[PDB]
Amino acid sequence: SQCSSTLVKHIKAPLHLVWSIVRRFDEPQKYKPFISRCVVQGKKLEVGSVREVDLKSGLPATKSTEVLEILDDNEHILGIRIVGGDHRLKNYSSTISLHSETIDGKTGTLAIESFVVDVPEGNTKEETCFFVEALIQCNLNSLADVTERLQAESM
């Protein structure tokens, strides 16, 4: 009644550049293709901040409310937990971390995101686990695009 997995992506951009995008707890839509809008109150990037996420139309759900559990600017770890919305996921937490990774003779970034989540009563472990992986890999392919496009424009 619980599945967990880890997804990775090699990114051809400097870690400081990927981190500047990944840490924006208040602007996930900057690269997450299925999120339309995001609102945060208070000091926006501090442990405990809460975001209300509006998803794109035409999806199984529309809203998500998430908390910022970890934001480590020295080690480049961002940890979030989802706590409300009109989706099917219970006790989802995840952690994305960035790591220096030489690619093509130049320095790049290796993005690693692990998640854990309850299996719904009426659903399979394999069926649950797999749907979230595919969404995260999409998020990380798009993260690589956005940061590589930014890196390019630095010339």
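Under this definition, the rigid core comprises the largest set of C-alpha atoms superposing within 1.5 Å between the forms. Sequential numbering from 1, following the sequence displayed.
- Between 61 to 69 and 110 to 118, the larger mean CA deviation from the shown form in 6 other deposited structures of this protein, after core superposition, belongs to 61 to 69.
- Annotation for 124 to 132 versus 110 to 118: the higher mean temperature factor (C-alpha) is found in 124 to 132.
- Two stretches are in play, 93 to 101 and 55 to 63, and the higher mean C-alpha B-factor belongs to 55 to 63.
- In the PDB entry, a CA B factor belonging to the highest third of its chain's modelled residues is recorded for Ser154.
- In the deposited entry, the Cα temperature factor of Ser1 places it in the highest third of its chain's modelled residues.
- When all modelled residues of the chain are sorted by CA temperature factor, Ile35 is found within the highest third.
- Among the modelled residues of its chain, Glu69 has a C-alpha B-factor that falls in the lowest third according to the deposited record.
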